[PDB]
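Participant: my sequence and its experimental structure, below.
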Amino acid sequence: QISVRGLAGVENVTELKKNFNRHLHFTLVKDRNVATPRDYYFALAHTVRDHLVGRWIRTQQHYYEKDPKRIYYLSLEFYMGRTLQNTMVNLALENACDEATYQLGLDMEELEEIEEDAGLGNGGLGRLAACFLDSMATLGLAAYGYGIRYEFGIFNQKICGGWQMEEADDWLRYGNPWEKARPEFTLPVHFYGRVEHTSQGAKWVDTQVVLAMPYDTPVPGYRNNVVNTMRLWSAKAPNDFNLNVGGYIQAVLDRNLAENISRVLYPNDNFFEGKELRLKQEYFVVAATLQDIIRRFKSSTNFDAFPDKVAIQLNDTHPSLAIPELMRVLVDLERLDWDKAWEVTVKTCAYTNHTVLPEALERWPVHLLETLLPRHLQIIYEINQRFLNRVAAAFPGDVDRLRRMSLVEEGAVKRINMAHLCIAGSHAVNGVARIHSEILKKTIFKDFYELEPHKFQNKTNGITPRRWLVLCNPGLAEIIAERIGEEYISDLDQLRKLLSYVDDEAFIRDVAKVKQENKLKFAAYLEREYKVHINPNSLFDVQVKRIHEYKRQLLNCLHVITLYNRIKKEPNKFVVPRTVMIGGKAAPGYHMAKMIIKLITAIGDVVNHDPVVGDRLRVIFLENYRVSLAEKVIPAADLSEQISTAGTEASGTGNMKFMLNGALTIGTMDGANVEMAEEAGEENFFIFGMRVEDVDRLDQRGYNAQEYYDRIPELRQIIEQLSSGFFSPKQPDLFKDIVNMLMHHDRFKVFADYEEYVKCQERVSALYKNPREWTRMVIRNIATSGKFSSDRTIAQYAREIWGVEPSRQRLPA
Ligand SMILES: O=C(Nc1ccc2ccccc2c1)C(=O)N[C@@H]1O[C@H](CO)[C@@H](O)[C@H](O)[C@H]1O
């Protein structure tokens, strides 16, 4: 059908069709008379998987021969989404499979909707890991993703009476055709026990053993025949575990205790909960991974070359135990001296920070580490002592620097600061956008920066143009390719060439056409799967991301209510119609975030059924926001809401997805928004609100929300409506907590940005009245979105952190 989806050769189509029938018969044990769409999905999945195998075995054998430096990306989260379409795209099989399935009398797009998302992540940090694996394969790096195979990923969100209900994400129920169990590579992990000191070193003894079983998932590069590996550990009890009939039975049933380690992903987005189970997960992935790393290195005695052959990237502090675990192995097991072991560790490890919010930082109580990991605590104390000696020597007599920089936090409960541990034990520390990285140097890690300025770097985040353009928006990818060819898909800087098409009337028409088709298709999806009705001619105003106070979904709510009140005041006046879509999950125990969801639905209940409003304003809450839903709503959007309080969103990546797919951005000068506006030109961006400096000034003075309430009549009206029960007639005080929070304890200064936000929103509406000028500004965004490709991000990591050269050269097919 379309060019970028590859060739549908006579011979390829014939082969696909016969392997499809072979798998349906031999693999699924079905015949065409009983087969359901799910059976058809699986036969296709298995048929496409067959094409990976040859390339996967030869990629891995190639690494064994050439022995390049290996990159180990350690993460507790990999937010993968669906795999079928992505595999077809990267293998150039999409059109062939489309043809082959059509000839079998099947609709491939219908089959693609049957795949479960691999939802092994919460949000941004998890999806970054997924984009990174794609880019590393595409750039020909010898890279491995290492994490946990959660039986249950992020929960499915259902909305019931406006409230969020959580249900288990049983994603493995029908099986996962993409993974390959490797039980033969199972490894032991130790917990608890005690430390014994001998003539020749410390020994960790009397431990409980949990087995770690790896599952390998292929990661194909873009049309380069490279297939890398994502290895995910699963927890298994040993067979002498807990080993009378009641006693015998119970001992077998208690195997569950060990296997609970890999059962479920913690659903917290930017908040730290000090739970033992979570600590076990963190050690589990670290201990199993490091043994695999060492095994692979030994199959290349001399650990001097270890950092020449190994890089370990820590995705936040979650796998921070890699540092003392590497020390433990090198000192206790390999018998290296401390200082040499430490040199190796530092040169091997690097740390990426993803947030500045204090409540998100990992601070493990000492008594937890004492019981679960007694040897690691000793190594940590030893690391701390040697580190503080260096601080003392560099800043003599600065006793307060010593307590500020300590890995050990004293107080009610003693805690270990894992961020401090990572900085001390890594040769490189980076933030995820230029503004975020500067904030790390000037505020939270200022002391560490003064000690070791050379450690601190920036690596602005990116998103893969494969999943986030070609896969989810084939229409846009095609019209771009018509003008500038296909090479941009792996070299996104080439989109700049679209600047010379900004006054091209054909191109303007095509861009606007692709968007309207995306909007029609999404409007249909809402009717079919959710029986909700929207005007596809209205402006699609969307904010999708995790529900958090810092992200200020509440500021969006205030604008929405303002528009509604303005309409009710002047019903027969013209306003640009909007569909306001807000989606995202709240962490199960975050009361305020759950209250915000209820507020959103409550506004919709009033707004969507007011006859005077008509189809001029619609408020929709997008249920169960996840990777596969993002792939649908992002191409359909006109306006991207990126309205976090300046200084709080480290980078953001949703912002980039929208820019690449033809939405204009309303946002604050926060995270990557700053660099996006810089690339496109500020005139092509809807920037409003306090900058970081303005937030600082307001804090020095003290934030008084009352002041804004007193001086803004429109804001007063909204608050009074909330208090009085306008949006909750049967529970008049339902939103008292929200009002109280806004008036008295607002950490994120919602009121302070309200006026500029509403003002700027009027400028958006004005521009949308002029279709040709809207579209020309759109073209200016798409054309400057090149910097935000994860290929760029990964090449910077490779060159400035890992010390390896990316390559676009094909491996033989
Ligand atoms: O901190 C994040 N997530 C988590 C996830 C689990 C956690 C568990 C315990 C404590 C903090 C946690 C933070 C996160 O997603 N941060 C986001 O990372 C993105 C990728 O770098 C950024 O774009 C985004 O700005 C940032 O908020």
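Facilitator: Yes, it's here. Numbers count the residues shown, from 1 in each chain.
Participant: let me know the next secondary structure element after the lengthiest helix in the chain.
Facilitator: Scanning the chain for the helix with the most residues, using DSSP state H, yields helix 37-66. Using DSSP states H and E, the helix or strand that directly follows helix 37-66 along the chain is strand 70-74.
Participant: helices and strands around that following strand, which ones?
Facilitator: helix 124-138, strand 143-148, helix 276-298, strand 310-315 (3 or more CB pairs under 8 Å, 6 or more residues apart in numbering; DSSP states H and E). (Each C-beta comes from the backbone N, C-alpha and C, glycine too.)
Participant: which one, of those, ends up nearest to the ligand?
Facilitator: helix 124-138 (3.0 Å; CB to the nearest ligand atom).
Participant: nearest to residue 602, out of the helices and strands packed on strand 70-74?
Facilitator: helix 124-138 (27.4 Å; CB to CB).
Participant: right, and residue 733 touches residue 725 too?
Facilitator: Yes. The pair residue 733 and residue 725 passes the contact test of CB atoms under 8 Å, sitting 6.8 Å apart.
Participant: which one's more surrounded, these two?
Facilitator: Shown here are residue 733 and residue 725; by other CB atoms under 10 Å, residue 725 has more neighbours (15 against 12).
Participant: nearest spatial neighbour of the residue of the stretch 501-650 of the chain found nearest the ligand, chain-adjacent residues omitted?
Facilitator: Residue of the stretch 501-650 of the chain nearest the ligand, by CB to the nearest ligand atom: residue 650 (3.8 Å). Distances taken as CB to CB, 6 or more residues apart in numbering place residue 436 nearest to residue 650, at 4.3 Å, with adjacent residues excluded.
Participant: next SSE downstream of the helix or strand that contains that neighbour?
Facilitator: Using DSSP H and E, residue 436 falls within helix 434-439. Sequence-wise, the next helix or strand downstream of helix 434-439 (DSSP H and E) is helix 446-451.
Participant: give the buried residues for that next one.
Facilitator: Within helix 446-451, the residues that qualify as buried are 447, 448, 449, 451, counting by 16 or more other CB atoms under 10 Å.
Participant: return the list of helices and strands in contact with it.
Facilitator: Partner elements for helix 446-451 (3+ CB pairs under 8 Å, 6+ apart): helix 374-394, helix 399-405.
Participant: partners of the helix or strand just after that helix in the sheet?
Facilitator: Scanning forward in sequence from helix 446-451 by DSSP H and E, the next helix or strand is strand 456-458. With DSSP bridges as the test, strand 456-458 is paired with strand 428-431 (parallel).
Participant: hmm, who's touching the strand it pairs with?
Facilitator: For strand 428-431, contacts defined as CB atoms under 8 Å, 6 or more residues apart in numbering pick out 350-353, 422-423, 437-440, 445, 448, 455-459, 650-651, 800-801.
Participant: going through the residues you listed, which ones are buried?
Facilitator: Members of these classed as buried by 16+ other CB under 10 Å are 350-353, 422-423, 437, 439-440, 445, 448, 455-459, 650-651, 801.
Participant: out of the helices and strands packed on strand 70-74, which is closest to residue 215?
Facilitator: Nearest to residue 215, of all the helices and strands packed on strand 70-74, is strand 143-148, at 10.1 Å by CB to CB.
Participant: quick one: the closest one to strand 70-74, angle?
Facilitator: 30 degrees (axes from the mean of the first three to the mean of the last three CA atoms, to 10 degrees).
Participant: circling back to that earlier point, so which of the buried residues of helix 446-451 is the closest to residue 664?
Facilitator: residue 449 (36.3 Å).
Participant: confirm for me that the closest one is in contact with residue 457.
Facilitator: No. Residue 449 lies out of contact with residue 457 (CB under 8 Å); the separation is 11.2 Å.
Participant: please report how far the nearest residue to residue 266 once chain neighbours are set aside lies from residue 284.
Facilitator: Leaving aside its sequence neighbours, residue 266 sits nearest to residue 278 (CB to CB, 6+ apart; 5.5 Å). Applying CB to CB, to the nearest Å, the value for residue 278 to residue 284 is 10 Å.
Participant: could you tell me which residues of this structure lie near the ligand?
Facilitator: Applying CB under 6 Å from any ligand atom, we find that the chain lies next to the ligand at 122-125, 128, 268-272, 354-355, 360, 362, 432, 461, 649-653, 671.
Participant: buried subset of these?
Facilitator: Buried, going by 16+ other CB under 10 Å: 122-125, 128, 268-272, 354-355, 362, 432, 461, 649-653, 671, out of the residues of the chain next to the ligand.
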